[PDB]
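The chain below stands alone, shown as structure tokens; this is the form described as "closed state" in its entry title.
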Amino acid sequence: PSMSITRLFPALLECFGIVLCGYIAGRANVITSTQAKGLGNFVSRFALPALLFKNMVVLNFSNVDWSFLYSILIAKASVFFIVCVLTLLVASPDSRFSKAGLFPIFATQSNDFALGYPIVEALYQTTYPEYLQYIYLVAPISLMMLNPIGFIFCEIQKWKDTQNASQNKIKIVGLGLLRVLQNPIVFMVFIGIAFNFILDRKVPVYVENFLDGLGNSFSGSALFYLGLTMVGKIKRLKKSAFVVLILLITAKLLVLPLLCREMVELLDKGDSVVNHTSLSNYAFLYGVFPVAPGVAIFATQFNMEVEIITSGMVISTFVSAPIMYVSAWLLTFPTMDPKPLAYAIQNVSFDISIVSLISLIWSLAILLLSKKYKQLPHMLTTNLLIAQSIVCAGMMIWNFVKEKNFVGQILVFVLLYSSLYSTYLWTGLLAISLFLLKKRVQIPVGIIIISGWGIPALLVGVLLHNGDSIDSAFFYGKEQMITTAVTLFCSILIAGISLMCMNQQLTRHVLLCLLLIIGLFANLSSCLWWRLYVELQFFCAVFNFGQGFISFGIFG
């Protein structure tokens, strides 16, 4: 196989676990924001330049696939151009140039060294080791090609804000270009290239241990500092800022990886289908890396668009975790026969149910201990999150019970499927409560709760076979798909109608409902449908078990 895809979930757990460590440490004030800069300086001024220098000196340029680099770089330049032109057209005069600077940098600059490299290493270290080189070429060449342009627009803004000025364009260009040169990523690549040539790629035996020690310390240290910097960074954005942020995160995490993939398929005219495919897949995963923390640092250095950029970088980081897991598996499925693919979807489900369960336990613990479970709409959220926890238990039980008895499968299917219908129902009932709350009303909490669990249990009672199935979604056949479908059509209608009525704390609950409704749509589409089917089986499994992670992201 082209990707060791089984190595990705541990690598994401490493990455986002160490980010979560840093986030917990900042939240708990184990480290204050001023103490965090001590780690940030080590990370950025010592560990990163050592890592860059080391890898640059070792790098065999007579084995670089320049067509991959040109592809990713043209893809980034395209997204930069698109976001820049589109920003200049859409943004208002008073900050169009800061936006046209920072939004294209945001949309293109990846978290390549801290998050990209551990993930690439996990996937490709054994199967395609030269792909690890391209982190160190794409990420710096990306900066020195695209960042000066964005900085030039920030210097144009700074010039224009200094309204009395009439100063020269060459100052703007040189000053933007100099900020690129001053970046450790850029200058240690020039230096590392110089010592690649001087040293015939041999790092000196007596300097190698130092460069190992500093460079190897980078990854965890950077991920932890990324966690610390993520604390307190998502501010309540305006509607327009939130839509813009969604668009820019879509640029970074959807448009850019699609263009990376397309460009590799244009420009890699090499012969081997397997090499072409794995490189194409790597192009997509490369595009999926979150925004680099450096962009937020630039925004702070310019004092421009800082809330959008900082929030978006944080949100991009959190959103990249599932997108990257989901994408990498999705891109692996074409290479898998249908039974290895069935077990792959259960492995995905198990992996997702682990994180979701942990996130749900935390979310429930917060809602219970804060006693927010006594309030509305939070009590309905609490019931939804209980149902989501029982779904995640259902998956981990199903993983081990999947073909191992018969009546056990019925009890494992019974509780798990009833909870899955409940998650769907509570998604609608939650939106209903938001409408009723926004209306003023004596809200019928007891009826809402007992329906949100009893209607699911009655739906499964009505359903109560396919005993040999690996996938629980078909364990009671087409009649299960019908019962699931009607449940989803109920919940989608109920939720969409009640959110529409609501449109005539509570805002976060609307965001949860929107995101879950998009998920219910996937599982309804997949039920209405019954390679694209295995892909939406993945999106259904992903949602069915992973919905608790969305709940956590919005309440945590």
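Rigid core: the largest C-alpha set superposing within 1.5 Å between the two forms. For every residue, the number given is its place in the sequence shown, counted from 1.
The same protein also has a form described as "open state" in its entry title, omitted here; what follows describes it.
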item: Identity of the moved residue from 186, 415, 132, 77, C-alpha shift 2 angstroms or more, core fit between the shown form and the other one; value: 415
item: Residue 42 C-alpha shift between the shown form and the other one of 2 Å or more, rigid core reference; value: no
item: Core-aligned C-alpha movement of residue 471 between the shown form and the other one, 2 Å or more; value: yes
item: Threshold 2 Å Cα movement between the shown form and the other one for residue 484, core superposed; value: yes
